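Single-structure report; data block below.
FYI, side chains are in, hydrogens and waters are out, and symmetry mates aren't considered; it's all heavy atoms of this structure. Every chain is numbered from 1, with letters handed out A, B, ... down the list of sequences.
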Amino acid sequence: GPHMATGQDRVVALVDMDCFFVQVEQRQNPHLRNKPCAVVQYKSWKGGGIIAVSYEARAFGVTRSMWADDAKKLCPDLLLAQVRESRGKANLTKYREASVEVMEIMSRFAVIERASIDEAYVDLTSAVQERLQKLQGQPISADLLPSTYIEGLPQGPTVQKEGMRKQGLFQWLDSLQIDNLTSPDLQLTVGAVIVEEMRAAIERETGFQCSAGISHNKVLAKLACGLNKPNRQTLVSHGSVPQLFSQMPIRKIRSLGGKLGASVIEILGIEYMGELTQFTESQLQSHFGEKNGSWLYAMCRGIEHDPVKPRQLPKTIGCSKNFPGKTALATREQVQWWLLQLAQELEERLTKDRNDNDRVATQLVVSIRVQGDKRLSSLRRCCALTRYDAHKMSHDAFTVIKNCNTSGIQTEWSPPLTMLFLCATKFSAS
DNA sequence: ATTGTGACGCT
DNA sequence: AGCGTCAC
Ligand SMILES: Nc1ncnc2c1ncn2[C@H]1C[C@H](O)[C@@H](COP(=O)(O)NP(=O)(O)OP(=O)(O)O)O1
Ligand SMILES: [Mg+2]
Ligand SMILES: [Mg+2]
């Protein structure tokens with residue numbers, strides 16, 4: 001009752017770019033706009049691998065991971081843009097730079113946590129208080145929320161999508177208690193107003209559209225964001241959680257999409273997030289550990305404490321290449337040449353990072369995968385990163401991995417290498 | 001023959 | 001440190 005905290009202390013948003021790499025390519029090439037199109041990596045094997053899909057193409061069943069030749073079977077008019085290739089490998093620089101455009105705009109409004117190349121969490125608690133005191137008890141007009149959905153509404157006692165959106169928004173705004181600067185629902189609503197402004201700024205200043213979730217924590221904000229993609233934002237209130245979670249598959253919640261979530265389902269014999277409420281905290285800790293158990297106990301009630309971390313920049317800079325099937329590396333000169341290619345791309349990125357961000361990486365991580373290993377990475381080893389020099393970095397990487405060659409003759413490499421990876425980490429101010 | 005990333009937990 | 005999980 002009076003002492004059960006409800007996880008309503010913060011306003012958190014998650015902003016996620018719509019079909020991001022496609023929008024980057026559509027901005028550059030107007031011929032691709034408003035078309036079924038996808039972004040592909042490589043081309044020789046089965047037309048290349050799709051990594052991003054416009055919503056028009058999704059209507060035909062085109063998905064990420066699909067080979068372009070197969071996507072063309074579903075959508076013969078599908079347009080394609082290829083990822084740039086440099087030093088024999090896909091190079092993601094255009095999309096990293098477009099990401100920086102977006103992240104810098106978001107940072108004007110509040111502290112952000114860069115969660116991926118196309119999404120960031122925003123802690124809007126302080127901006128909301130500021131806007132509430134600036135408002136001074138004035139009601140919030142539906143005109144300030146032109147792309148907002150209120151999850152769970154309309155309910156209780158039109159057949160077009162926009163009409164239903166507005167009905168739900170009207171119900172929400174009519175029930176709002178604007179006199180209380182401490183009402184969590186009012187705080188979320190003001191947060192949604194700010195996120196409308198943020199998303200309008202992103203679109204105006206970059207051309208890119210995005211979706212967003214607004215709630216009281218990161219997990220609910222991320223879940224909310226997906227409910228009404230594309231080009232829309234969704235408010236998930238604390239009160240909306242019991243109905244929303246009552247039919248929400250456990251795998252849809254961030255961090256439960258893999259083996260842990262499958263074990264929750266298997267061990268407890270449940271399917272939906274809401275069913276977790278019927279277990280004690282101790283029961284959940286007994287099955288999934290102290291940390292996971294406490295997290296699940298609170299999360300299924302809509303409560304999570306994970307902070308929005310003040311971090312706009314990636315904390316590692318990595319370069320990797322797969323060598324699948326018959327292309328696996330089997331000679332010493334091959335391994336050396338590709339380590340050099342990776343190191344040269346890495347040195348380029350690291351030198352730019354040092355100039356832009358006043359920091360230097362101090363550790364080099366070298367990872368490989370050998371033919372036959374089902375795991376993604378076979379061995380990882382670190383060494384010192386003291387100079388941004390590609391030849392030195394590639395020589396050091398080879399020195400670190402050379403004992404992995406089981407071949408008697410040095411000139412060959414056994415077993416063949418199906419992946420190389422160089423990662424710069426452990427950044428220090430400079 | 002997904003690929004190229006990137007954050008964080010465990011021991 | 002080196003390995004595993006999870007999601008982009
Ligand atoms: N498995 C993968 N491998 C490589 N690149 C990937 C990838 N998954 C995504 N990307 C790249 C390409 C993606 O554009 C970008 C952001 O990933 P999302 O936010 O998961 N997906 P998007 O923004 O395309 O669509 P929407 O958010 O509207 O559903 O990261
Ligand atoms: Mg996205
Ligand atoms: Mg994303």
Side chains of [X] and [Y]: donor-acceptor distance under 3.5 Å anywhere?
X: A:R369; Y: A:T418; value: yes
X: A:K94; Y: A:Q28; value: yes
X: A:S430; Y: A:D358; value: no
X: A:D185; Y: A:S183; value: no
X: A:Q285; Y: A:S294; value: yes
X: A:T6; Y: A:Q8; value: yes
X: A:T386; Y: A:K392; value: yes
X: A:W413; Y: A:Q334; value: no
X: A:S107; Y: A:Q312; value: yes

For [X], which residues count as a side chain to side chain contact (heavy atoms under 4.5 Å, CB included) partner, sequence neighbours excluded?
X: A:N357; answer: A:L313, A:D353, A:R359
X: A:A361; answer: A:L350, A:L385, A:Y388, A:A424, A:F427
X: A:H395; answer: A:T399

Please answer whether the main-chain N or O of [Y] pairs with a side-chain N or O of [X] as donor and acceptor at a distance below 3.5 Å.
X: A:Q187; Y: A:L181; value: yes
X: A:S367; Y: A:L379; value: yes
X: A:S414; Y: A:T406; value: no
X: A:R165; Y: A:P146; value: yes

Side chain to side chain donor-acceptor pair (under 3.5 Å) partners of A:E197, counting only residues at least two apart: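 Scan of A:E197 (side chain to side chain donor-acceptor pair (under 3.5 Å), adjacent residues dropped) gives A:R131.
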For [X], what residues pass the salt bridge (charged side-chain N to carboxylate O under 4.0 Å, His left out) criterion, not counting sequence neighbours?
X: A:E275; result: none
X: A:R27; result: A:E101
X: A:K229; result: A:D16, A:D18
X: A:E281; result: none

Please list all pairs meeting ring-ring contact (aromatic ring centres under 6.0 Å, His included) that have one or both residues in residues 191-223 of chain A, counting only residues at least two apart or in different chains.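 Matches after skipping sequence neighbours: A:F20-A:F208.
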Side chains of residues 49-63 of chain A: which donor-acceptor pairs under 3.5 Å do they make with residues two or more places apart or in other chains?
unit_1 : atom_1 : unit_2 : atom_2 : d
A:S54  : OG     : A:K35  : O      : 2.9
A:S54  : OG     : A:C37  : N      : 3.1
A:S54  : OG     : A:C37  : O      : 3.4
A:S54  : OG     : A:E56  : OE1    : 3.3
A:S54  : OG     : A:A57  : N      : 3.3
A:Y55  : OH     : A:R58  : NH1    : 3.3
A:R58  : NE     : A:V53  : O      : 2.9
A:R58  : NH2    : A:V53  : O      : 3.2

Ring pair (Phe, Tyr, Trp, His ring centres under 6.0 Å) partners of A:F245, counting only residues at least two apart: none
Cationic N near anionic O, under 4.0 Å, [X] to [Y]:
X: A:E347; Y: A:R354; value: no
X: A:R375; Y: A:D373; value: yes
X: A:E345; Y: A:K89; value: yes
X: A:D69; Y: A:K46; value: no

By the salt bridge (charged side-chain N to carboxylate O under 4.0 Å, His left out) test, which pairs, at least two apart or in different chains, include something from residues 187-196 of chain A? A:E196-A:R199
Quick check: A:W338 with A:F323 (ring centres under 6.0 Å apart)? yes
If you draw a 6.0 Å radius around CG in A:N355, do more than 12 non-hydrogen atoms from other residues or ligands fall strictly inside?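 Yes, because the 6.0 Å sphere around CG of A:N355 holds more than 12 heavy atoms from other groups.
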